[PDB]
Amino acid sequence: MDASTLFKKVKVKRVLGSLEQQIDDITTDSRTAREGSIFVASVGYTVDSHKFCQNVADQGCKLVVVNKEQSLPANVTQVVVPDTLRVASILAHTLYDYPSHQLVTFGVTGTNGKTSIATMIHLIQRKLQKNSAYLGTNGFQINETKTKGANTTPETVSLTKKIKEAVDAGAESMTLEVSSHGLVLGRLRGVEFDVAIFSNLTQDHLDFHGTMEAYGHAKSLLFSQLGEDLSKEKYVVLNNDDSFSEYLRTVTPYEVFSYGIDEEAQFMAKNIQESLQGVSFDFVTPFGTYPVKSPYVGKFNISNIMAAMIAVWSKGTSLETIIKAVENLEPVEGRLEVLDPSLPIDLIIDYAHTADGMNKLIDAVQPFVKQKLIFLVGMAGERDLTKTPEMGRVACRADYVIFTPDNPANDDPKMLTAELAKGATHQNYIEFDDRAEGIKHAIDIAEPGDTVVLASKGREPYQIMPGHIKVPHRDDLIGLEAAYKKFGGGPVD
């Protein structure tokens, strides 16, 4: 469509050159701007991409959106605006014909549980034979096709393009993880949600938000930004076991569905039975109480699966049909996965990376420890360290603790492991600068009948190293390789 039409949407602009040209692309990354692209320049944490306008011109781009007039050949049109990224979201949603309005969109936010819930919703939709897309930490997925990405909630143009890809692939719904960063930074501007789901609010990301108050307020935006049009069928799904839900009710007019285990709620889990092979519980609902069998491990995953079921139910699918679908749902990659159960030890991977997440992981696994719990965890580089010793304390619930860096980036890895060590409550721990070395050590220490847990990465396939360089790393593969060496078994070679 033509640039004229697109920029009618923008009231304050200084236009230098013609808007007659056809536009089929928008990008905030100069490296992909071409003839027919709009390149929107912006100020990042690393570079100001206004510096790259000449590059995009060389590549044939004839239209740039900028905060200040640039030095460029006269045949490149410049649109000067006060807020380039705000305009990028307007342009992108317009160009792609409002992709978020074209399918059912589910959004999940919370300190822990975003990937779990979002993936469970996706997997339920697929079990119901519906085309479904997912975007989050585990990347972008349309039905069974997966590609990895750099963020949980990617920057606005990339994100909008992916919603448009889901629409074009024929998705009936798409579920997005909604990071508090993404909300505050405008990455989700223009993304209309139909159902908003909350897991919990516990201490994290204060390097970015400064305070718990600001952090909670950031997550509330997913709920208030649903808007005020009561002719729309929109719904909010809240966790009554988290006290922040009381506040969330006040910021949106749409009907609220509550779930709970400890606290009274509209949907509850009772008579919970746990195993390393999944759970059963009685699912109390406003319409009746029904037996549920779930393949997921732990009470925290009962909260998560209830959130997922209620979200799908809210848009018109019968609970009976959802409960049937949940029974043999596939694993959520990296989230409490029991590896090769034929081993003479329990070998579990999990993504726990905050104190609360670790407590929930250990709560779930500990009842099944026959002998000793061997627990490896990493601390992420370049993140707030204030709750790191607390993570070290929680880890010392285990019998033997291994501390490692996780994505140390430019941080000294020994500083990360030493910070974890400051919280230890017993002397049975060890620190490794190299996480792979730490994993092999965990297997060295493990006896038949022991339980080994590798926490904070799941199957995340890299360590972010100095210069922010990704080096290949797989907890699961390193763990298994070390385990087969020690105990035997494993596929032929």
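Just count from 1 along the sequence shown to find any residue number.
Student: Take the C-alpha B-factors listed in the entry for 276 to 284 and for 160 to 168, compute each mean, and give the stretch with the larger one.
Tutor: Per the PDB record, 276 to 284.
Student: Tell me which of 441 to 449 and 34 to 42 has the higher mean C-alpha B-factor in the deposited entry.
Tutor: Mean C-alpha B-factor is greater for 441 to 449.
Student: For the C-alpha B-factor as written in the entry, point me to the maximum among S456, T28, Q427, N67.
Tutor: Of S456, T28, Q427, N67, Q427 has the highest C-alpha B-factor.
Student: Using the temperature factors in the entry, find which of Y259, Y235, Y400, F106 has the highest value at its Cα atom.
Tutor: Answer, based on the entry's C-alpha B-factors: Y400.
Student: In terms of the CA temperature factor given in the entry, to which third of its chain does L329 belong: lowest, middle or highest?
Tutor: Middle third by C-alpha B-factor.
Student: Split into thirds by Cα B-factor across the chain's modelled residues, where does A409 land: lowest, middle or highest?
Tutor: Top third by C-alpha B-factor.
Student: Place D204 in the lowest, middle or highest third of its chain's C-alpha B-factors, as listed in the PDB entry.
Tutor: Tercile = middle for this residue's CA B-factor.
Student: Place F375 in the lowest, middle or highest third of its chain's C-alpha B-factors, as listed in the PDB entry.
Tutor: Middle third.
Student: According to the PDB entry, is the CA B factor of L72 in the bottom, middle or top third of its chain, that is, lowest, middle or highest?
Tutor: Answer is highest: the recorded C-alpha B-factor places it there.
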